[PDB]
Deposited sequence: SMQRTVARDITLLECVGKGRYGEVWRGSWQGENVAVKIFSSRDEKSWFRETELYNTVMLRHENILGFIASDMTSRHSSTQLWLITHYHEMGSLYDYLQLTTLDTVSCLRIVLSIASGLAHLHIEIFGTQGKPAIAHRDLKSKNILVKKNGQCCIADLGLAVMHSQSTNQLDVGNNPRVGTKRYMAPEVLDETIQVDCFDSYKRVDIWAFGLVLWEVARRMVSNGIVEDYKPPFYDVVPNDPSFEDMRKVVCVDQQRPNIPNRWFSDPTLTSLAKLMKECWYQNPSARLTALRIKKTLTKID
């Protein structure tokens, strides 16, 4: 059960993540901020589900809440992915067709796994999908991380579990209905459609790094060109809801059949009408067909 904390690989308002050693193997140890205690508990409820386990979902090892006197620590222990997040990976590396499709199909596979109920594992909507919440594995596939905001639904019992977490999604990735706060809060389909919007943005971030005809774009986050650094909720609402902005499709993509197919797919994630957006299953099937 003993763990050695070896180096900090991330620190923010969320808390910190450490590379640690456990029985000679690297593990990731997240120490939550007290400010985010409700994410720790939610992530623990989600990882209680044995049938959540999947090659494209960050592997769970343990969760602990420890306390003496008035001090509490909140720990999550997972698999460790040395290559880091997709956000990290894309900064420095360009992609060929095979690697670009492998990445985006693996994320689609993880998301369809979350969204589809197993009769068990409830249907799950993530609510904070972004490139920092995706890890790159040594086999070139990715896995989805951070289930602290997740919503669960059971079709068998008609039960929607939205949890108790005042945390909201990463502002840059928020869907129009999240930014204008018109999202139907008691509708499970609404949360799936928020994930699809964010998936489209991650598809765009990845596709920019795929080389075609000797051309590639630099890594940029969604809406880099239209909002201030460290954008506020209102900054995002302006560009997405008032200005109706969507990420620009570089014209060089239209010379490449793969990037042309991906541009089509990301536009079907970005409809202002949530019910028009593709399902995660349809995205997975479309990416399985694209060459």
Check: What stretches of this chain's deposited sequence are missing C-alpha coordinates?
Finding: 1-7, 127-129
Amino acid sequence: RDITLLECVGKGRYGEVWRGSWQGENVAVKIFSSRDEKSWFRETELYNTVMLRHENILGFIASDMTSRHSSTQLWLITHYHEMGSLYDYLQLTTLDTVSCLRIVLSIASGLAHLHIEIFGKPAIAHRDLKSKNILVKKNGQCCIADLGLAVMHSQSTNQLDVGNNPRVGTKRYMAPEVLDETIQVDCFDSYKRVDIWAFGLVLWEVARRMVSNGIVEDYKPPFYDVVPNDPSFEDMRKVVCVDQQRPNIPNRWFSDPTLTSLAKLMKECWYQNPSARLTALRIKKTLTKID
From here on, numbers count along this sequence of modelled residues.
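The term rigid core refers to the maximal set of C-alpha atoms that superpose within 1.5 Å between the two forms.
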Checklist line | Farther-lying stretch by C-alpha RMS in 6 other deposited structures of this protein, rigid core as reference, of 194-202 and 120-128 | finding: 120-128
Margin query: Rigid core superposition, C-alpha RMS per stretch in 6 other deposited structures of this protein: which comes out larger, 23-31 or 47-55?
Written below: 47-55
Checklist line | At least a third of other PDB entries omit residue 70 | finding: yes
Item checked: Unresolved residue 161 in a third or more of other entries flanked by modelled residues -> yes
Check: So which stretch wins on mean C-alpha B-factor, 153-161 or 83-91?
Finding: 153-161
Note to self: Regarding 30-38 and 56-64, which shows the higher C-alpha temperature factor on average in the entry?
What the structure shows: 30-38
Check: Going by the deposited entry, which of 109, 78, 184, 133 has the highest CA temperature factor?
Finding: 184
Next item on the list: Using the B-factor values recorded in the entry, state whether the Cα atom of residue 117 falls in the lowest, middle or highest third among the modelled residues of its chain.
Entry: highest
Next item on the list: Would you mind ranking residue 138 by its C-alpha B-factor against the rest of the chain and naming the third, lowest, middle or highest?
Entry: highest
Next item on the list: Determine, from the deposited record, the chain-internal third of the Cα B-factor for residue 100: lowest, middle or highest.
Entry: middle
Check: What third of its chain, lowest, middle or highest, does the C-alpha temperature factor of residue 251 fall into?
Finding: middle
Notebook entry, point to check: In terms of the CA temperature factor given in the entry, to which third of its chain does residue 71 belong: lowest, middle or highest?
Noted result: highest
